[PDB]
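I have placed the structure first, in the form of structure tokens, so that the comments after it can refer back to it.
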Amino acid sequence: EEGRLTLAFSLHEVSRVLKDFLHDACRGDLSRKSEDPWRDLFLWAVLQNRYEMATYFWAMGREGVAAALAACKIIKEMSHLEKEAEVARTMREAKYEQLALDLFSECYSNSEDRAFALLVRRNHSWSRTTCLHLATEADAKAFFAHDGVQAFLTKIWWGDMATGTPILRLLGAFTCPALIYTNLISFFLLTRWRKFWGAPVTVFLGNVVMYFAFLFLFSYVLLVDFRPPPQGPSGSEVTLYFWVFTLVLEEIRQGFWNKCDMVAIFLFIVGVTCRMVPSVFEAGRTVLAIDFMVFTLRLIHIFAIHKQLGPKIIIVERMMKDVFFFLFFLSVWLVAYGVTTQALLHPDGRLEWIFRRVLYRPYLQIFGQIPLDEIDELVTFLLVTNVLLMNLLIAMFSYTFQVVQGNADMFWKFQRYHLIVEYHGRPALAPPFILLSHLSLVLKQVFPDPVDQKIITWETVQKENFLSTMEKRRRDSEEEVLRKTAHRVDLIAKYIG
Amino acid sequence: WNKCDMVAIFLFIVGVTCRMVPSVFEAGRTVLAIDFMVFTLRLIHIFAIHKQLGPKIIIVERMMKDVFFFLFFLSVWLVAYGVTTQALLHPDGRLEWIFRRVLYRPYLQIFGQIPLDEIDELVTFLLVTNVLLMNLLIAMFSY
Amino acid sequence: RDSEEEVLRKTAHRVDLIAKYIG
């Protein structure tokens, strides 16, 4: 109807439905036989939700996982668009991701090298795109949890001695630029240089070093920023122009914890604006002071790369939201207790001193600062009630995170993939050298078939092997065997009678 | 423990060498001082013989490696908090005193030493964030 | 030998054989 208004089915019509759904760089004689009929029929069967016919159509499909993931995306699309909630759920119970994962596991166990070539492949049946682009497009989280995925991620993460690389040895070798030529650590001069300085792990190490050095230098310069005659000294502007510009440039370029990212962006602009105003020196310092914890906060999340520190941050992100109101209520209770002891302890007229003796003194009493010279010229029940409240506070967190950790594992796997692809797409240069890298990029802007087919065939073989295996398992199903044998018993008994 | 064995062997030789030099008396004492904890460290592992104390040391050896970077990051955060309160609290020129008021005073504040005569003429959010970080630290080892 | 699952499978096979014989 929209097509007729802009000018009952047509080829362009269904092609537009496609483009609307896969949202990929894929477009499109009634007598002309259409290439790859199996793809088309499988597509329709998914659209018509003809599950079994769809799986069969796939059974002759050429490239399994690509089609399976595209289908998964398409059902994830339709299930929400479905009006009938029960029909929506029955749609949402397709689980093609399981089938794609199984096929990929089989091709993994078989070769684990041709399997990788499969994973990094271009499917003409799907407008020549890599399967990973599909998984991203389809949010194939569970598939990402597969060992082959993480394996290829690790391989693209290193590129030189990926499986084995001691952390203490990697850093010691990076310390000297000729360790690769020294052959002490695994890796003509320009080639080895580009290799040692073109790897995602190396870009990560370099960016982390630059970030730590920036965080330290700016903290040191905050001392001079503390007492300049006007708000904001020269060195502060130096470090600003040297780091903030590059950081914001890289961030906006990538764009064109998330609440933490937002307050991070905001505090720096607020600090720049406060430094613009010399009259408010106290504010010109306080804004930057509140800001500077941002880089540490960001750094914290920057620690999810390696296995052990991985899940923790994820788990930390899990309990990040619920902790707010709990701490709010606990602080309300503590403030009530402080006001109570302050009132009973002594029957004033000072704002700063009133707020101080109301909040800092009892807070420091929790921190071992009990000035009896200023306090001493039910309460035990209050202490035990506070102890019980603390016990409940501890027992909440100690029992809550255990449940989330399960899904948090696969979620961290996903986030690790994100970080890896980002670092790979991240320019190798450090934030100071990022200026030179962006300048070089701007200047540059100013200035097979047989092996692929063999892998296709091998993969299809793997598919039929897995199918025959599943079928033989279904045959040997002990419960079905017992039921069929009972039926045969009943038949033979009726015959004997 | 084998790294502990290595540093054990090394510290004693370093102490003997420092004692050979009489000019560096402060060093001649400091090396032996850093050393002497070695025998206790070794003794600790010497306690795996009998049933109950058996597994513990083993478990202790398990979490020995991962604890390093975690404590490093936690110390970085604590140092950041100390520098923040030190900056906001007071706008110097002393090396020893600067490092002291930067590291020992906030460390002793965790240990019940809060000299309000030298501190008093968001922060609650900072305290609860530290509490949550400590909860995560505990829940890591406990699980 | 006394494996209950294998016993059940072999007995089912014997059932099928005896049923084919009765037919």
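Letters for chains follow the order of the structure tokens (A, B, ...), residue numbers begin at 1 for each chain, and ligand numbers begin at 1 in the order shown.
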Check which residues of chain A sit at most 12 Å from chain C using only C-alpha atoms, and return one row each with the closest pair of atoms and their distance in Å to one decimal, ordered by chain and rising number, as a Markdown table.
```
| residue | atom | partner | partner_atom | distance |
| --- | --- | --- | --- | --- |
| A:476 | CA | C:9 | CA | 9.6 |
| A:477 | CA | C:9 | CA | 10.6 |
| A:478 | CA | C:9 | CA | 7.9 |
| A:479 | CA | C:9 | CA | 10.5 |
| A:480 | CA | C:12 | CA | 11.3 |
| A:481 | CA | C:12 | CA | 7.7 |
| A:482 | CA | C:12 | CA | 7.2 |
| A:483 | CA | C:12 | CA | 10.0 |
| A:484 | CA | C:12 | CA | 9.0 |
| A:485 | CA | C:12 | CA | 5.8 |
| A:486 | CA | C:12 | CA | 8.6 |
| A:487 | CA | C:16 | CA | 10.3 |
| A:488 | CA | C:19 | CA | 6.9 |
| A:489 | CA | C:15 | CA | 6.9 |
| A:490 | CA | C:19 | CA | 9.9 |
| A:491 | CA | C:19 | CA | 8.1 |
| A:492 | CA | C:19 | CA | 5.7 |
| A:493 | CA | C:19 | CA | 9.1 |
| A:494 | CA | C:22 | CA | 10.9 |
| A:495 | CA | C:22 | CA | 7.8 |
| A:496 | CA | C:22 | CA | 8.0 |
| A:497 | CA | C:22 | CA | 11.6 |
```
Write the residues of the selection above to a file with N, CA and C atoms, as a PDB file, in the first residue's frame.
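Everything below was put into out.pdb:
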```
ATOM      1  N   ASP A 476      18.215 -44.855  18.516  1.00  0.00           N
ATOM      2  CA  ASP A 476      18.641 -45.648  19.663  1.00  0.00           C
ATOM      3  C   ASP A 476      18.075 -45.122  20.977  1.00  0.00           C
ATOM      4  N   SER A 477      17.184 -44.137  20.907  1.00  0.00           N
ATOM      5  CA  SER A 477      16.560 -43.580  22.103  1.00  0.00           C
ATOM      6  C   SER A 477      15.892 -44.674  22.926  1.00  0.00           C
ATOM      7  N   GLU A 478      16.410 -44.892  24.137  1.00  0.00           N
ATOM      8  CA  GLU A 478      15.991 -46.041  24.937  1.00  0.00           C
ATOM      9  C   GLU A 478      14.506 -45.990  25.266  1.00  0.00           C
ATOM     10  N   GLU A 479      13.979 -44.799  25.558  1.00  0.00           N
ATOM     11  CA  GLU A 479      12.564 -44.680  25.893  1.00  0.00           C
ATOM     12  C   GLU A 479      11.687 -45.007  24.692  1.00  0.00           C
ATOM     13  N   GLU A 480      12.037 -44.469  23.521  1.00  0.00           N
ATOM     14  CA  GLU A 480      11.285 -44.784  22.314  1.00  0.00           C
ATOM     15  C   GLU A 480      11.399 -46.264  21.970  1.00  0.00           C
ATOM     16  N   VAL A 481      12.579 -46.848  22.176  1.00  0.00           N
ATOM     17  CA  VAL A 481      12.751 -48.279  21.947  1.00  0.00           C
ATOM     18  C   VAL A 481      11.835 -49.077  22.862  1.00  0.00           C
ATOM     19  N   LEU A 482      11.777 -48.706  24.141  1.00  0.00           N
ATOM     20  CA  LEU A 482      10.917 -49.415  25.079  1.00  0.00           C
ATOM     21  C   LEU A 482       9.450 -49.273  24.695  1.00  0.00           C
ATOM     22  N   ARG A 483       9.041 -48.078  24.269  1.00  0.00           N
ATOM     23  CA  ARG A 483       7.650 -47.877  23.875  1.00  0.00           C
ATOM     24  C   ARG A 483       7.299 -48.706  22.644  1.00  0.00           C
ATOM     25  N   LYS A 484       8.168 -48.693  21.632  1.00  0.00           N
ATOM     26  CA  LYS A 484       7.912 -49.472  20.427  1.00  0.00           C
ATOM     27  C   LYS A 484       7.907 -50.962  20.731  1.00  0.00           C
ATOM     28  N   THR A 485       8.796 -51.404  21.621  1.00  0.00           N
ATOM     29  CA  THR A 485       8.824 -52.812  21.990  1.00  0.00           C
ATOM     30  C   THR A 485       7.571 -53.198  22.756  1.00  0.00           C
ATOM     31  N   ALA A 486       7.067 -52.297  23.599  1.00  0.00           N
ATOM     32  CA  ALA A 486       5.806 -52.559  24.286  1.00  0.00           C
ATOM     33  C   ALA A 486       4.659 -52.669  23.293  1.00  0.00           C
ATOM     34  N   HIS A 487       4.656 -51.807  22.276  1.00  0.00           N
ATOM     35  CA  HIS A 487       3.642 -51.905  21.230  1.00  0.00           C
ATOM     36  C   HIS A 487       3.737 -53.241  20.504  1.00  0.00           C
ATOM     37  N   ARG A 488       4.959 -53.675  20.190  1.00  0.00           N
ATOM     38  CA  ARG A 488       5.144 -54.969  19.541  1.00  0.00           C
ATOM     39  C   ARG A 488       4.676 -56.105  20.439  1.00  0.00           C
ATOM     40  N   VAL A 489       4.922 -55.988  21.744  1.00  0.00           N
ATOM     41  CA  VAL A 489       4.442 -56.985  22.698  1.00  0.00           C
ATOM     42  C   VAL A 489       2.925 -57.065  22.655  1.00  0.00           C
ATOM     43  N   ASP A 490       2.264 -55.909  22.697  1.00  0.00           N
ATOM     44  CA  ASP A 490       0.807 -55.895  22.661  1.00  0.00           C
ATOM     45  C   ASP A 490       0.284 -56.507  21.371  1.00  0.00           C
ATOM     46  N   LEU A 491       0.934 -56.196  20.248  1.00  0.00           N
ATOM     47  CA  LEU A 491       0.514 -56.765  18.972  1.00  0.00           C
ATOM     48  C   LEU A 491       0.677 -58.281  18.963  1.00  0.00           C
ATOM     49  N   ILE A 492       1.819 -58.775  19.444  1.00  0.00           N
ATOM     50  CA  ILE A 492       2.060 -60.215  19.452  1.00  0.00           C
ATOM     51  C   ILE A 492       1.107 -60.911  20.413  1.00  0.00           C
ATOM     52  N   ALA A 493       0.758 -60.244  21.514  1.00  0.00           N
ATOM     53  CA  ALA A 493      -0.182 -60.824  22.465  1.00  0.00           C
ATOM     54  C   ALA A 493      -1.576 -60.914  21.866  1.00  0.00           C
ATOM     55  N   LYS A 494      -2.005 -59.862  21.164  1.00  0.00           N
ATOM     56  CA  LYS A 494      -3.277 -59.921  20.455  1.00  0.00           C
ATOM     57  C   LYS A 494      -3.258 -61.014  19.396  1.00  0.00           C
ATOM     58  N   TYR A 495      -2.110 -61.209  18.743  1.00  0.00           N
ATOM     59  CA  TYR A 495      -1.997 -62.266  17.743  1.00  0.00           C
ATOM     60  C   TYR A 495      -2.108 -63.644  18.382  1.00  0.00           C
ATOM     61  N   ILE A 496      -1.484 -63.831  19.546  1.00  0.00           N
ATOM     62  CA  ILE A 496      -1.537 -65.121  20.224  1.00  0.00           C
ATOM     63  C   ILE A 496      -2.955 -65.422  20.684  1.00  0.00           C
ATOM     64  N   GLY A 497      -3.719 -64.385  21.007  1.00  0.00           N
ATOM     65  CA  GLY A 497      -5.097 -64.559  21.426  1.00  0.00           C
ATOM     66  C   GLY A 497      -6.035 -64.832  20.267  1.00  0.00           C
TER      67      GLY A 497
END
```
- Query: chain B residues within 10 Å of chain A, counting only C-alpha atoms: which ones, as a PyMOL selection string?
  - Reply: chain B and resi 66+69-70+73-74+76-77+80-81+83-85+87-88+90-92+108-116+120+122+124-125+127-129+131-133+135-140+142-143
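Atom pair CA of residue 157 in chain A / CA of residue 68 in chain B has a distance of 24.0 Å (rounded to one decimal).
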- Return as an MDAnalysis selection string the full set of residues in chain B whose backbone-based DSSP assignment is helix (DSSP H, G or I). chainID B and resid 2:20 25:45 53:62 66:89 95:110 116:119 123:142
What's the 12 Å shell around residue 167 in chain A, counting only C-alpha atoms, without same-chain residues fewer than 6 positions away, as an mmCIF file with N, CA, C and O atoms, in the first residue's frame?
```
data_model
loop_
_atom_site.group_PDB
_atom_site.id
_atom_site.type_symbol
_atom_site.label_atom_id
_atom_site.label_comp_id
_atom_site.auth_asym_id
_atom_site.auth_seq_id
_atom_site.Cartn_x
_atom_site.Cartn_y
_atom_site.Cartn_z
ATOM 1 N N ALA A 173 59.977 -7.974 26.928
ATOM 2 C CA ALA A 173 60.361 -7.880 25.530
ATOM 3 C C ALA A 173 59.958 -6.550 24.915
ATOM 4 O O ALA A 173 60.696 -6.023 24.080
ATOM 5 N N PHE A 174 58.806 -5.997 25.304
ATOM 6 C CA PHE A 174 58.421 -4.689 24.785
ATOM 7 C C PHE A 174 59.364 -3.599 25.270
ATOM 8 O O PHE A 174 59.580 -2.600 24.572
ATOM 9 N N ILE A 185 62.204 -13.405 22.542
ATOM 10 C CA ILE A 185 60.752 -13.534 22.494
ATOM 11 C C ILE A 185 60.340 -13.653 21.034
ATOM 12 O O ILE A 185 60.909 -12.982 20.165
ATOM 13 N N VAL A 201 47.043 -6.279 20.708
ATOM 14 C CA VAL A 201 47.599 -6.349 22.055
ATOM 15 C C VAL A 201 48.621 -5.237 22.268
ATOM 16 O O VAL A 201 48.674 -4.615 23.337
ATOM 17 N N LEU A 205 48.510 -2.235 25.019
ATOM 18 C CA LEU A 205 49.572 -1.916 25.967
ATOM 19 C C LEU A 205 49.984 -0.453 25.852
ATOM 20 O O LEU A 205 50.117 0.251 26.861
ATOM 21 N N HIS A 306 41.442 -9.378 30.319
ATOM 22 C CA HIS A 306 42.022 -10.684 30.592
ATOM 23 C C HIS A 306 41.091 -11.488 31.486
ATOM 24 O O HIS A 306 40.270 -10.916 32.210
ATOM 25 N N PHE B 69 47.617 -8.284 41.067
ATOM 26 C CA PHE B 69 47.072 -7.202 40.251
ATOM 27 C C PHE B 69 45.823 -6.606 40.884
ATOM 28 O O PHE B 69 45.575 -5.400 40.777
#
```
- Which residues come within 7 Å of range 28-44 of chain B, counting only C-alpha atoms, excluding same-chain residues fewer than 5 positions away, as a PyMOL selection string? chain B and resi 8+11-12+14-15+18-19
Selected residues written out, N, CA, C and O atoms, as a CSV table (one decimal), in the first residue's frame:
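Final output, out_29.csv:
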```
chain,number,residue,atom,x,y,z
B,8,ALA,N,64.0,-15.6,49.0
B,8,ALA,CA,64.6,-16.0,50.2
B,8,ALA,C,66.1,-16.2,50.1
B,8,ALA,O,66.8,-15.6,50.9
B,11,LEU,N,67.7,-12.5,49.4
B,11,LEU,CA,67.8,-11.5,50.4
B,11,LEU,C,68.9,-11.8,51.4
B,11,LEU,O,69.5,-10.8,51.9
B,12,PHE,N,69.2,-13.0,51.7
B,12,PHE,CA,70.3,-13.3,52.6
B,12,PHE,C,71.6,-12.9,52.0
B,12,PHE,O,72.5,-12.4,52.7
B,14,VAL,N,72.1,-10.6,49.8
B,14,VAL,CA,72.1,-9.2,49.7
B,14,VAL,C,72.4,-8.6,51.1
B,14,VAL,O,73.2,-7.6,51.2
B,15,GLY,N,71.9,-9.3,52.1
B,15,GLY,CA,72.2,-8.8,53.5
B,15,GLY,C,73.7,-9.0,53.9
B,15,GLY,O,74.3,-8.2,54.5
B,18,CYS,N,75.6,-6.3,52.1
B,18,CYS,CA,75.4,-5.0,52.8
B,18,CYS,C,76.2,-5.0,54.1
B,18,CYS,O,76.7,-3.9,54.5
B,19,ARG,N,76.2,-6.1,54.8
B,19,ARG,CA,77.0,-6.1,56.1
B,19,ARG,C,78.5,-6.0,55.8
B,19,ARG,O,79.3,-5.5,56.6
```
